[PDB]
Amino acid sequence: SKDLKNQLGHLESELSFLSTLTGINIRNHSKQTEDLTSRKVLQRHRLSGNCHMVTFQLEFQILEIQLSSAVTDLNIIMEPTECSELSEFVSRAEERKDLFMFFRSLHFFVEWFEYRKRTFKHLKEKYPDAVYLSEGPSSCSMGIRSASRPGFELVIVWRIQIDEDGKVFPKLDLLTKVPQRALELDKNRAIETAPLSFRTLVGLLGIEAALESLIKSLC
Amino acid sequence: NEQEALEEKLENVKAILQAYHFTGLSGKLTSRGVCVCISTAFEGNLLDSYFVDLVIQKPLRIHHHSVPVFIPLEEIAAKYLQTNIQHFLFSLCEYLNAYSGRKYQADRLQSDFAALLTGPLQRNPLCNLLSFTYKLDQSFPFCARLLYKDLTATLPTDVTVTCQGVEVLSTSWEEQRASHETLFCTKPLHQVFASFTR
Amino acid sequence: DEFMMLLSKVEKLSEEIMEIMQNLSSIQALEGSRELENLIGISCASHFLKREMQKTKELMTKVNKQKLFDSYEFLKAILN
Amino acid sequence: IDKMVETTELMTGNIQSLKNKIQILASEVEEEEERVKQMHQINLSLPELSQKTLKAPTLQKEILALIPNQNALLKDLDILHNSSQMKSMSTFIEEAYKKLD
Amino acid sequence: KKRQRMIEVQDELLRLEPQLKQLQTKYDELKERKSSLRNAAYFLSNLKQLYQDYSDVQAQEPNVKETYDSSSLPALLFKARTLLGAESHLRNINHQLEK
Amino acid sequence: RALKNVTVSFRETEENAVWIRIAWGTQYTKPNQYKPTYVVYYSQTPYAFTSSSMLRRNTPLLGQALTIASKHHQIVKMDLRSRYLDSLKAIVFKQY
């Protein structure tokens with residue numbers, strides 16, 4: 001059993017390496033196979049898995065015909081989170097019955113999510129007095145407000161969306177809780193074109209540098 | 001006892017490996033590298049899967065591969081093969097999936113809906129450009145050209161359909177022209193073909 | 001343990017926050033229009049608030065009982 | 001020959017113009033970016049392919065125009081804003097997820 | 001000799017043809033970058049001036065009420081969009097951690 | 001446009017193998033059919049195959065024509081010569 005144990009350990013190390021290569025750990029797998037000939041064979045694979053921060057369950061029944069393969073059906077369960085768009089995207093992929101694009105989209109969504117949470121934690125750590133946790137580091141939006149003067153506030157909203165083909169893309173927009181007192185004070189009125197300008201600035205020099213410069217201007 | 005537990009663990013990890021094969025991509029570690037298997041599918045239709053050999057040594061080299069050459073990878077290799085290998089694999093997976101979907105749409109059209117087609121379709125190996133002609137039954141002739149210049153997606157960005165030899169006489173004809181334009185620009189090919197033909 | 005009393009006061013405050021939500025019909029009118037609910041992110045509707053704010057109570061009590069509180073190097077750091 | 005020895009002879013000259021052009025522009029942008037380094041610091045992340053700044057970000061400003069009594073909505077949302085109960089709720093939630101990070 | 005001349009002139013043409021494109025796109029992108037960064041510098045300076053002016057005036061009179069218009073309405077509704085979902089996820093996380 | 005004329009023939013083959021037969025002719029003679037050359041082109045690929053029996057007479061002409069038709073700028077000849085064409089197919093694409 002020693003040689004078998006060593007071979008199993010080597011295979012387990014290989015499986016862990018591949019799991020790191022995909023970023024997804026499949027906890028369980030149950031296989032069933034039936035044959036229905038007039039040679040059609042239906043195979044059902046139940047599996048629970050998880051990405052870095054997320055856990056999922058899914059089962060799918062696929063058909064193989066004597067030399068084509070196509071998934072007959074599938075069901076899939078997420079966990080309840082704020083990002084309800086993930087659930088509707090899961091549903092849409094369920095009608096699409098597509099797996100590879102679904103998993104790549106989920107990994108990309110978590111990769112952007114981890115990036116967003118890490119950036120939020122870093123900016124909160126940098127300046128913890130001008131950074132307010134409106135809903136949390138794992139939320140969609142952040143808000144910077146001056147403690148001495150609560151009239152101003154600036155909220156950056158970040159939402160990750162999925163294209164119909166399966167492409168993923170983030171989106172960031174600004175909004176200012178600004179009194180008309182300050183608007184009356186200065187007649188320059190550049191806040192009208194603020195969203196597009198800030199988007200261009202972020203595209204020029206990223207998100208973290210943009211927010212760092214923004215909070216530097218708030219000194 | 002111990003043998004039974006070892007067998008149970010082995011069959012569990014084998015089932016997990018099969019599940020890993022059934023999703024995303026596959027990889028089988030070898031002595032000289034990993035013969036990484038990439039899987040392709042579209043609209044719940046399993047498609048042909050490829051594989052590429054790897055060398056784990058620092059001078060990263062591809063000593064063997066099965067991906068067709070017309071898919072650009074050497075530029076992507078210079079881009080992200082040395083650095084951020086994960087993005088390299090994700091991008092190549094997307095590109096192969098898009099190519100497989102395009103080829104599946106093309107040969108599905110050739111095999112199934114050739115009934116209303118009046119001529120062979122001209123297709124590139126990468127299937128970025130498609131040019132064909134079709135008759136729909138009143139009977140109207142059309143000739144369509146699709147530009148899949150966005151390589152990462154399976155949907156064209158610019159499509160143009162027209163006819164030569166007939167002068168415009170019915171606004172309804174231009175209406176079906178625009179409808180087909182939108183159908184190619186938005187929805188898959190065989191799907192909209194089965195949609196209007198039926 | 002001030003968590004007990006903060007929970008108690010937010011439970012008493014639940015009634016009046018539901019009242020000040022039902023003060024207007026415009027907030028009820030913006031409901032059903034997903035065009036704002038996809039922008040805010042999930043939805044804007046709190047009518048079963050009774051159920052949730054009464055369900056958190058047994059869970060929080062259980063909590064207070066149990067007291068629940070490049071590529072080469074990255075690849076080489078795995079095979080070891 | 002003539003056509004060829006015509007068509008190229010201009011474009012390379014154009015090149016030269018563009019060449020010095022971009023050179024001058026480069027110099028310009030250099031000093032100018034030094035200006036934006038006066039207060040902003042010198043300094044992972046992945047930029048988009050010029051897709052982030054395309055959709056309308058302030059469509060909501062139009063959506064609120066469709067709600068009745070928008071000014072009255074502002075007033076009632078303000079009289080609800082000053083309530084300390086929801087502020088206490090928010091700060092309690094903050095404290096609750098503060099230990100999460 | 002004219003055929004050789006064909007060879008060199010065609011070679012020169014095909015060599016110079018791509019050379020225009022990268023220079024043109026570089027010029028275009030650098031000009032766009034310059035315009036964008038000049039605009040961004042203008043906006044950041046102007047918003048810094050707005051912040052400084054508002055801070056000075058608030059130090060002059062902080063007790064006055066600060067009214068807001070529809071421009072700041074939708075994001076405020078964001079903090080009014082409380083449906084216990086985040087707190088429910090927090091409760092689930094606590095239940096997971098208690099084991 | 002090369003000089004005035006040339007006997008050029010095309011024949012599409014499986015695996016996108018366009019085979020082109022070229023018979024060369026000077027400014028004052030009909031192109032000769034006894035000294036032909038063959039060029040094999042693969043669509044959207046960075047490689048092409050040529051049989052060099054008499055191409056040493058005018059090599060740059062064929063190269064520049066091929067690169068301008070392929071919408072590619074730089075064209076080079078690697079020092080690799082063999083008779084088994086299928087093995088060349090396998091080795092260039094690493095299809096073995």
# chains A, B, ... in the order shown; residues from 1 in each chain; ligands from 1

$ select_by_dssp --residues "chain C" --states "alpha helix (DSSP H)" --output "JSON list (two decimals) with N, CA and C atoms, in the first residue's frame"
[["chain", "number", "residue", "atom", "x", "y", "z"],
["C", 2, "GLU", "N", -23.75, 45.11, 25.56],
["C", 2, "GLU", "CA", -24.58, 46.14, 24.94],
["C", 2, "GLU", "C", -25.22, 45.69, 23.63],
["C", 3, "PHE", "N", -24.82, 44.53, 23.10],
["C", 3, "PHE", "CA", -25.46, 44.03, 21.89],
["C", 3, "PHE", "C", -26.93, 43.72, 22.13],
["C", 4, "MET", "N", -27.25, 43.19, 23.31],
["C", 4, "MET", "CA", -28.64, 42.93, 23.67],
["C", 4, "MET", "C", -29.48, 44.20, 23.57],
["C", 5, "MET", "N", -29.02, 45.29, 24.19],
["C", 5, "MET", "CA", -29.81, 46.51, 24.20],
["C", 5, "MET", "C", -29.83, 47.21, 22.85],
["C", 6, "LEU", "N", -28.74, 47.15, 22.07],
["C", 6, "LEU", "CA", -28.80, 47.74, 20.74],
["C", 6, "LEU", "C", -29.77, 46.97, 19.84],
["C", 7, "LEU", "N", -29.78, 45.64, 19.95],
["C", 7, "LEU", "CA", -30.78, 44.85, 19.25],
["C", 7, "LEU", "C", -32.19, 45.19, 19.71],
["C", 8, "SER", "N", -32.39, 45.36, 21.01],
["C", 8, "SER", "CA", -33.71, 45.70, 21.52],
["C", 8, "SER", "C", -34.19, 47.03, 20.95],
["C", 9, "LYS", "N", -33.31, 48.04, 20.96],
["C", 9, "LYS", "CA", -33.73, 49.35, 20.48],
["C", 9, "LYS", "C", -33.95, 49.36, 18.97],
["C", 10, "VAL", "N", -33.16, 48.60, 18.20],
["C", 10, "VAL", "CA", -33.43, 48.58, 16.76],
["C", 10, "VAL", "C", -34.71, 47.81, 16.48],
["C", 11, "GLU", "N", -35.04, 46.81, 17.30],
["C", 11, "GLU", "CA", -36.32, 46.13, 17.13],
["C", 11, "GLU", "C", -37.50, 47.04, 17.44],
["C", 12, "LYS", "N", -37.40, 47.84, 18.50],
["C", 12, "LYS", "CA", -38.45, 48.83, 18.76],
["C", 12, "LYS", "C", -38.51, 49.86, 17.64],
["C", 13, "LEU", "N", -37.36, 50.21, 17.07],
["C", 13, "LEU", "CA", -37.30, 51.22, 16.02],
["C", 13, "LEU", "C", -37.80, 50.69, 14.68],
["C", 14, "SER", "N", -37.90, 49.36, 14.54],
["C", 14, "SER", "CA", -38.37, 48.76, 13.30],
["C", 14, "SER", "C", -39.77, 49.26, 12.92],
["C", 15, "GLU", "N", -40.67, 49.35, 13.90],
["C", 15, "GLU", "CA", -42.02, 49.81, 13.60],
["C", 15, "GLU", "C", -42.01, 51.20, 13.00],
["C", 16, "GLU", "N", -41.32, 52.14, 13.64],
["C", 16, "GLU", "CA", -41.33, 53.52, 13.16],
["C", 16, "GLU", "C", -40.54, 53.68, 11.86],
["C", 17, "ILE", "N", -39.52, 52.84, 11.62],
["C", 17, "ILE", "CA", -38.85, 52.97, 10.32],
["C", 17, "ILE", "C", -39.76, 52.45, 9.21],
["C", 18, "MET", "N", -40.53, 51.39, 9.48],
["C", 18, "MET", "CA", -41.53, 50.97, 8.51],
["C", 18, "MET", "C", -42.56, 52.07, 8.27],
["C", 19, "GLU", "N", -42.98, 52.77, 9.33],
["C", 19, "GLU", "CA", -43.90, 53.88, 9.14],
["C", 19, "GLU", "C", -43.32, 54.95, 8.23],
["C", 20, "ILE", "N", -42.10, 55.43, 8.55],
["C", 20, "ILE", "CA", -41.52, 56.49, 7.74],
["C", 20, "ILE", "C", -41.18, 56.03, 6.34],
["C", 21, "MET", "N", -41.09, 54.72, 6.11],
["C", 21, "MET", "CA", -41.01, 54.23, 4.74],
["C", 21, "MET", "C", -42.37, 54.29, 4.05],
["C", 26, "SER", "N", -44.27, 57.71, -3.51],
["C", 26, "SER", "CA", -43.30, 57.81, -4.60],
["C", 26, "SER", "C", -42.26, 56.70, -4.52],
["C", 27, "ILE", "N", -41.81, 56.38, -3.30],
["C", 27, "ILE", "CA", -40.88, 55.28, -3.12],
["C", 27, "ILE", "C", -41.54, 53.96, -3.50],
["C", 28, "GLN", "N", -42.84, 53.83, -3.26],
["C", 28, "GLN", "CA", -43.57, 52.66, -3.75],
["C", 28, "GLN", "C", -43.75, 52.71, -5.26],
["C", 29, "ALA", "N", -43.78, 53.92, -5.83],
["C", 29, "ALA", "CA", -43.98, 54.05, -7.27],
["C", 29, "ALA", "C", -42.71, 53.69, -8.05],
["C", 34, "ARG", "N", -37.28, 48.10, -12.91],
["C", 34, "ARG", "CA", -35.93, 47.58, -12.78],
["C", 34, "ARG", "C", -34.87, 48.58, -13.25],
["C", 35, "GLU", "N", -35.28, 49.63, -13.98],
["C", 35, "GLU", "CA", -34.33, 50.58, -14.53],
["C", 35, "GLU", "C", -33.55, 51.33, -13.45],
["C", 36, "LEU", "N", -34.06, 51.39, -12.22],
["C", 36, "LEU", "CA", -33.28, 51.90, -11.10],
["C", 36, "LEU", "C", -32.68, 50.79, -10.25],
["C", 37, "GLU", "N", -33.32, 49.62, -10.21],
["C", 37, "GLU", "CA", -32.84, 48.52, -9.39],
["C", 37, "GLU", "C", -31.58, 47.87, -9.94],
["C", 38, "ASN", "N", -31.39, 47.87, -11.26],
["C", 38, "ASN", "CA", -30.13, 47.39, -11.83],
["C", 38, "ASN", "C", -29.02, 48.41, -11.65],
["C", 39, "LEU", "N", -29.37, 49.69, -11.48],
["C", 39, "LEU", "CA", -28.37, 50.72, -11.28],
["C", 39, "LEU", "C", -27.90, 50.77, -9.84],
["C", 40, "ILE", "N", -28.83, 50.67, -8.88],
["C", 40, "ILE", "CA", -28.44, 50.61, -7.48],
["C", 40, "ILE", "C", -27.78, 49.28, -7.15],
["C", 49, "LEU", "N", -39.76, 42.95, 5.98],
["C", 49, "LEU", "CA", -38.77, 43.33, 6.99],
["C", 49, "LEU", "C", -39.11, 42.74, 8.35],
["C", 50, "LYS", "N", -40.40, 42.52, 8.63],
["C", 50, "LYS", "CA", -40.80, 41.84, 9.86],
["C", 50, "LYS", "C", -40.10, 40.49, 9.97],
["C", 51, "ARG", "N", -40.21, 39.67, 8.93],
["C", 51, "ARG", "CA", -39.66, 38.31, 8.95],
["C", 51, "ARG", "C", -38.16, 38.33, 9.21],
["C", 52, "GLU", "N", -37.42, 39.16, 8.48],
["C", 52, "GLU", "CA", -35.97, 39.14, 8.60],
["C", 52, "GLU", "C", -35.51, 39.70, 9.95],
["C", 53, "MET", "N", -36.10, 40.82, 10.38],
["C", 53, "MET", "CA", -35.68, 41.42, 11.64],
["C", 53, "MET", "C", -36.11, 40.60, 12.85],
["C", 54, "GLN", "N", -37.14, 39.76, 12.72],
["C", 54, "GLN", "CA", -37.46, 38.82, 13.78],
["C", 54, "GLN", "C", -36.68, 37.51, 13.67],
["C", 55, "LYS", "N", -36.16, 37.19, 12.49],
["C", 55, "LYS", "CA", -35.37, 35.97, 12.33],
["C", 55, "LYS", "C", -33.94, 36.17, 12.81],
["C", 56, "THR", "N", -33.38, 37.37, 12.64],
["C", 56, "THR", "CA", -32.01, 37.61, 13.13],
["C", 56, "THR", "C", -31.90, 37.43, 14.64],
["C", 57, "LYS", "N", -33.02, 37.48, 15.36],
["C", 57, "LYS", "CA", -32.97, 37.47, 16.82],
["C", 57, "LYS", "C", -32.47, 36.13, 17.37],
["C", 58, "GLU", "N", -33.06, 35.01, 16.92],
["C", 58, "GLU", "CA", -32.62, 33.72, 17.43],
["C", 58, "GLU", "C", -31.18, 33.42, 17.04],
["C", 59, "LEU", "N", -30.78, 33.83, 15.83],
["C", 59, "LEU", "CA", -29.40, 33.61, 15.41],
["C", 59, "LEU", "C", -28.42, 34.43, 16.24],
["C", 60, "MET", "N", -28.74, 35.70, 16.54],
["C", 60, "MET", "CA", -27.83, 36.50, 17.34],
["C", 60, "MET", "C", -27.77, 35.99, 18.78],
["C", 61, "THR", "N", -28.90, 35.49, 19.29],
["C", 61, "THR", "CA", -28.88, 34.90, 20.63],
["C", 61, "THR", "C", -28.01, 33.64, 20.66],
["C", 62, "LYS", "N", -28.12, 32.80, 19.62],
["C", 62, "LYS", "CA", -27.25, 31.64, 19.52],
["C", 62, "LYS", "C", -25.78, 32.06, 19.46],
["C", 63, "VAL", "N", -25.50, 33.17, 18.77],
["C", 63, "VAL", "CA", -24.13, 33.68, 18.71],
["C", 63, "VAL", "C", -23.65, 34.08, 20.10],
["C", 64, "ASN", "N", -24.47, 34.84, 20.83],
["C", 64, "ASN", "CA", -24.09, 35.26, 22.18],
["C", 64, "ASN", "C", -23.98, 34.09, 23.15],
["C", 65, "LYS", "N", -24.67, 32.98, 22.89],
["C", 65, "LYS", "CA", -24.49, 31.80, 23.73],
["C", 65, "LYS", "C", -23.19, 31.07, 23.40],
["C", 66, "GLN", "N", -22.94, 30.82, 22.12],
["C", 66, "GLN", "CA", -21.79, 30.01, 21.73],
["C", 66, "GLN", "C", -20.52, 30.84, 21.57],
["C", 71, "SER", "N", 5.88, 34.32, -13.24],
["C", 71, "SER", "CA", 5.21, 33.03, -13.39],
["C", 71, "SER", "C", 6.09, 31.86, -12.95],
["C", 72, "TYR", "N", 7.40, 31.96, -13.17],
["C", 72, "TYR", "CA", 8.29, 30.85, -12.85],
["C", 72, "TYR", "C", 8.31, 30.58, -11.35],
["C", 73, "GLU", "N", 8.47, 31.63, -10.54],
["C", 73, "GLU", "CA", 8.52, 31.45, -9.09],
["C", 73, "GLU", "C", 7.16, 31.03, -8.55],
["C", 74, "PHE", "N", 6.08, 31.59, -9.10],
["C", 74, "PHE", "CA", 4.74, 31.19, -8.66],
["C", 74, "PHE", "C", 4.47, 29.73, -8.98],
["C", 75, "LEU", "N", 5.00, 29.24, -10.10],
["C", 75, "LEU", "CA", 4.80, 27.84, -10.45],
["C", 75, "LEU", "C", 5.68, 26.92, -9.61],
["C", 76, "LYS", "N", 6.92, 27.35, -9.34],
["C", 76, "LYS", "CA", 7.83, 26.54, -8.53],
["C", 76, "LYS", "C", 7.42, 26.48, -7.07],
["C", 77, "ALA", "N", 6.75, 27.52, -6.56],
["C", 77, "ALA", "CA", 6.29, 27.51, -5.17],
["C", 77, "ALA", "C", 5.14, 26.55, -4.93],
["C", 78, "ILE", "N", 4.68, 25.84, -5.95],
["C", 78, "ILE", "CA", 3.56, 24.90, -5.82],
["C", 78, "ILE", "C", 4.04, 23.46, -5.83],
["C", 79, "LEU", "N", 4.96, 23.13, -6.74],
["C", 79, "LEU", "CA", 5.44, 21.75, -6.86],
["C", 79, "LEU", "C", 6.19, 21.29, -5.61]]

$ interface_residues --of "chain A" --to "chain C" --cutoff "7 Å" --atoms "only C-alpha atoms" --output "ChimeraX atom specification"
/A:17,82-84

$ write_last_selection --atoms "N, CA and C atoms" --output "PDB file, in the first residue's frame"
ATOM      1  N   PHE A  17      -2.057  21.233  -8.220  1.00  0.00           N
ATOM      2  CA  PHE A  17      -1.417  22.144  -9.165  1.00  0.00           C
ATOM      3  C   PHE A  17      -2.402  22.596 -10.237  1.00  0.00           C
ATOM      4  N   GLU A  82     -25.212  40.053  -2.398  1.00  0.00           N
ATOM      5  CA  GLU A  82     -25.740  41.330  -2.862  1.00  0.00           C
ATOM      6  C   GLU A  82     -25.789  41.392  -4.383  1.00  0.00           C
ATOM      7  N   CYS A  83     -24.778  40.839  -5.050  1.00  0.00           N
ATOM      8  CA  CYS A  83     -24.688  40.918  -6.502  1.00  0.00           C
ATOM      9  C   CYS A  83     -25.713  40.004  -7.161  1.00  0.00           C
ATOM     10  N   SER A  84     -26.969  40.444  -7.189  1.00  0.00           N
ATOM     11  CA  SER A  84     -28.042  39.673  -7.803  1.00  0.00           C
ATOM     12  C   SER A  84     -27.871  39.501  -9.304  1.00  0.00           C
TER      13      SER A  84
END

$ closest_atom_pairs --of "chain E" --to "chain A" --cutoff "8 Å" --atoms "only C-alpha atoms" --output "Markdown table"
| residue | atom | partner | partner_atom | distance |
| --- | --- | --- | --- | --- |
| E:33 | CA | A:204 | CA | 7.6 |
| E:36 | CA | A:200 | CA | 7.0 |
| E:37 | CA | A:201 | CA | 7.4 |
| E:39 | CA | A:197 | CA | 7.6 |
| E:40 | CA | A:201 | CA | 6.3 |
| E:43 | CA | A:190 | CA | 6.7 |
| E:44 | CA | A:217 | CA | 7.7 |
| E:46 | CA | A:190 | CA | 7.2 |
| E:47 | CA | A:190 | CA | 7.6 |
| E:48 | CA | A:217 | CA | 5.8 |
| E:50 | CA | A:186 | CA | 6.6 |
| E:51 | CA | A:218 | CA | 7.3 |
| E:53 | CA | A:185 | CA | 7.5 |
| E:54 | CA | A:182 | CA | 5.6 |
| E:55 | CA | A:149 | CA | 7.1 |
| E:58 | CA | A:149 | CA | 6.8 |
| E:62 | CA | A:149 | CA | 7.5 |
| E:66 | CA | A:179 | CA | 5.3 |
| E:67 | CA | A:179 | CA | 5.4 |
| E:68 | CA | A:179 | CA | 4.8 |
| E:69 | CA | A:180 | CA | 7.3 |
| E:71 | CA | A:176 | CA | 7.8 |
| E:72 | CA | A:177 | CA | 4.8 |
| E:73 | CA | A:177 | CA | 7.8 |
| E:75 | CA | A:175 | CA | 6.6 |
| E:76 | CA | A:177 | CA | 7.6 |
| E:79 | CA | A:134 | CA | 7.3 |
| E:85 | CA | A:82 | CA | 6.1 |
| E:86 | CA | A:82 | CA | 6.4 |
| E:89 | CA | A:81 | CA | 6.7 |

$ residues_around --residues "residue B:179" --least-positions-apart "3" --cutoff "12 Å" --atoms "only C-alpha atoms" --output "list in words"
residues 159, 160, 161, 172, 173, 174, 175, 176, 182, 183, 184, 185, 186, 187, 192, 193, 195 and 196 of chain B

$ closest_atom_pairs --of "chain B" --to "chain A" --cutoff "8 Å" --atoms "only C-alpha atoms" --output "JSON lines"
{"residue": "B:3", "atom": "CA", "partner": "A:1", "partner_atom": "CA", "distance": 6.9}
{"residue": "B:6", "atom": "CA", "partner": "A:5", "partner_atom": "CA", "distance": 7.2}
{"residue": "B:10", "atom": "CA", "partner": "A:8", "partner_atom": "CA", "distance": 6.6}
{"residue": "B:12", "atom": "CA", "partner": "A:29", "partner_atom": "CA", "distance": 7.3}
{"residue": "B:13", "atom": "CA", "partner": "A:12", "partner_atom": "CA", "distance": 7.3}
{"residue": "B:15", "atom": "CA", "partner": "A:29", "partner_atom": "CA", "distance": 5.4}
{"residue": "B:16", "atom": "CA", "partner": "A:29", "partner_atom": "CA", "distance": 5.7}
{"residue": "B:17", "atom": "CA", "partner": "A:15", "partner_atom": "CA", "distance": 7.1}
{"residue": "B:19", "atom": "CA", "partner": "A:29", "partner_atom": "CA", "distance": 6.6}
{"residue": "B:20", "atom": "CA", "partner": "A:26", "partner_atom": "CA", "distance": 7.5}
{"residue": "B:23", "atom": "CA", "partner": "A:100", "partner_atom": "CA", "distance": 5.5}
{"residue": "B:24", "atom": "CA", "partner": "A:100", "partner_atom": "CA", "distance": 4.6}
{"residue": "B:25", "atom": "CA", "partner": "A:100", "partner_atom": "CA", "distance": 7.9}
{"residue": "B:26", "atom": "CA", "partner": "A:18", "partner_atom": "CA", "distance": 8.0}
{"residue": "B:27", "atom": "CA", "partner": "A:18", "partner_atom": "CA", "distance": 6.6}
{"residue": "B:28", "atom": "CA", "partner": "A:14", "partner_atom": "CA", "distance": 8.0}
{"residue": "B:29", "atom": "CA", "partner": "A:14", "partner_atom": "CA", "distance": 6.6}
{"residue": "B:39", "atom": "CA", "partner": "A:100", "partner_atom": "CA", "distance": 7.8}
{"residue": "B:40", "atom": "CA", "partner": "A:100", "partner_atom": "CA", "distance": 7.5}
{"residue": "B:41", "atom": "CA", "partner": "A:100", "partner_atom": "CA", "distance": 7.1}
{"residue": "B:42", "atom": "CA", "partner": "A:98", "partner_atom": "CA", "distance": 6.5}
{"residue": "B:43", "atom": "CA", "partner": "A:96", "partner_atom": "CA", "distance": 5.5}
{"residue": "B:44", "atom": "CA", "partner": "A:97", "partner_atom": "CA", "distance": 4.8}
{"residue": "B:45", "atom": "CA", "partner": "A:70", "partner_atom": "CA", "distance": 4.6}
{"residue": "B:46", "atom": "CA", "partner": "A:69", "partner_atom": "CA", "distance": 5.2}
{"residue": "B:47", "atom": "CA", "partner": "A:69", "partner_atom": "CA", "distance": 7.8}
{"residue": "B:86", "atom": "CA", "partner": "A:21", "partner_atom": "CA", "distance": 6.9}
{"residue": "B:90", "atom": "CA", "partner": "A:104", "partner_atom": "CA", "distance": 7.5}
{"residue": "B:94", "atom": "CA", "partner": "A:101", "partner_atom": "CA", "distance": 7.9}
{"residue": "B:153", "atom": "CA", "partner": "A:165", "partner_atom": "CA", "distance": 6.7}
{"residue": "B:154", "atom": "CA", "partner": "A:165", "partner_atom": "CA", "distance": 7.1}
{"residue": "B:155", "atom": "CA", "partner": "A:165", "partner_atom": "CA", "distance": 7.5}

$ interface_residues --of "chain E" --to "chain C" --cutoff "7 Å" --atoms "only C-alpha atoms" --output "list in words"
residues 78, 81, 83, 94, 97 and 98 of chain E

$ residues_around --residues "residue F:40" --least-positions-apart "5" --cutoff "6 Å" --atoms "only C-alpha atoms" --output "list in words"
residues 18, 19, 48 and 49 of chain F

$ write_last_selection --atoms "N, CA and C atoms" --output "compact mmCIF listing (two decimals), in the first residue's frame"
# COMPACT_ATOMS: atom_id res chain seq x y z
N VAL F 18 -3.67 26.47 -51.11
CA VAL F 18 -3.79 26.98 -52.47
C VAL F 18 -2.49 26.66 -53.20
N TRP F 19 -2.60 25.92 -54.29
CA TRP F 19 -1.44 25.59 -55.11
C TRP F 19 -1.43 26.47 -56.35
N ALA F 48 5.00 29.87 -46.32
CA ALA F 48 4.67 29.47 -47.68
C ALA F 48 5.75 28.55 -48.20
N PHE F 49 5.39 27.69 -49.16
CA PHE F 49 6.31 26.70 -49.71
C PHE F 49 6.55 27.00 -51.18

$ interface_residues --of "chain D" --to "chain C" --cutoff "10 Å" --atoms "only C-alpha atoms" --output "short mmCIF file (atom, residue, chain, number, x, y, z; two decimals) with C-alpha atoms, in the first residue's frame"
data_model
loop_
_atom_site.label_atom_id
_atom_site.label_comp_id
_atom_site.auth_asym_id
_atom_site.auth_seq_id
_atom_site.Cartn_x
_atom_site.Cartn_y
_atom_site.Cartn_z
CA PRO D 57 -22.85 57.03 -16.48
CA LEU D 59 -28.60 57.89 -17.00
CA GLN D 60 -30.03 57.89 -13.47
CA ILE D 63 -34.54 58.34 -14.61
CA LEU D 64 -35.28 60.48 -11.56
CA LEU D 66 -39.60 60.41 -14.61
CA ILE D 67 -40.61 60.08 -10.93
CA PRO D 68 -43.48 62.33 -9.76
CA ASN D 69 -42.81 65.20 -7.33
CA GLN D 70 -39.03 64.90 -7.57
CA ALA D 72 -41.00 66.62 -2.82
CA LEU D 73 -39.18 63.28 -3.04
CA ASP D 76 -39.10 63.67 2.23
CA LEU D 77 -35.87 61.74 1.67
CA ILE D 79 -36.55 64.45 6.49
CA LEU D 80 -35.90 60.70 6.55
CA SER D 83 -33.36 60.22 11.45
CA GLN D 85 -32.26 55.30 13.69
CA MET D 86 -30.95 54.50 10.20
CA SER D 88 -27.40 53.75 14.07
CA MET D 89 -28.33 50.83 11.81
CA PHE D 92 -23.96 48.89 13.63
CA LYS D 99 -14.00 42.42 12.00
#

$ residues_around --residues "residue D:2" --least-positions-apart "4" --cutoff "12 Å" --atoms "only C-alpha atoms" --output "compact mmCIF listing (two decimals) with N, CA, C and O atoms, in the first residue's frame"
# COMPACT_ATOMS: atom_id res chain seq x y z
N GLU D 6 6.75 58.83 -57.44
CA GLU D 6 5.95 59.92 -56.90
C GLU D 6 5.37 59.53 -55.55
O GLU D 6 5.64 60.18 -54.53
N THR D 7 4.63 58.42 -55.51
CA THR D 7 3.77 58.15 -54.36
C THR D 7 4.57 57.99 -53.08
O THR D 7 4.17 58.52 -52.04
N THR D 8 5.71 57.30 -53.13
CA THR D 8 6.54 57.17 -51.95
C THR D 8 7.20 58.49 -51.55
O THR D 8 7.28 58.78 -50.35
N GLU D 9 7.63 59.30 -52.52
CA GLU D 9 8.46 60.45 -52.19
C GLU D 9 7.75 61.42 -51.27
O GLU D 9 8.39 62.06 -50.42
N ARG E 5 15.20 47.76 -61.58
CA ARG E 5 14.66 48.99 -61.02
C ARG E 5 13.27 48.77 -60.44
O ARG E 5 12.95 49.28 -59.36
N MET E 6 12.43 48.00 -61.14
CA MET E 6 11.17 47.55 -60.58
C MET E 6 11.38 46.89 -59.23
O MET E 6 10.66 47.17 -58.26
N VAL E 9 12.40 49.54 -56.53
CA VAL E 9 11.36 50.51 -56.20
C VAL E 9 10.21 49.83 -55.47
O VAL E 9 9.67 50.38 -54.51

$ interface_residues --of "chain F" --to "chain B" --cutoff "10 Å" --atoms "only C-alpha atoms" --output "PyMOL selection string"
chain F and resi 15-16+42-47+92-96

$ interface_residues --of "chain F" --to "chain E" --cutoff "9 Å" --atoms "only C-alpha atoms" --output "PyMOL selection string"
chain F and resi 2-3+60-61+64+67-68+73-74

$ atom_distance --atom1 "atom CA of residue B:14" --atom2 "atom CA of residue A:54"
23.5 Å
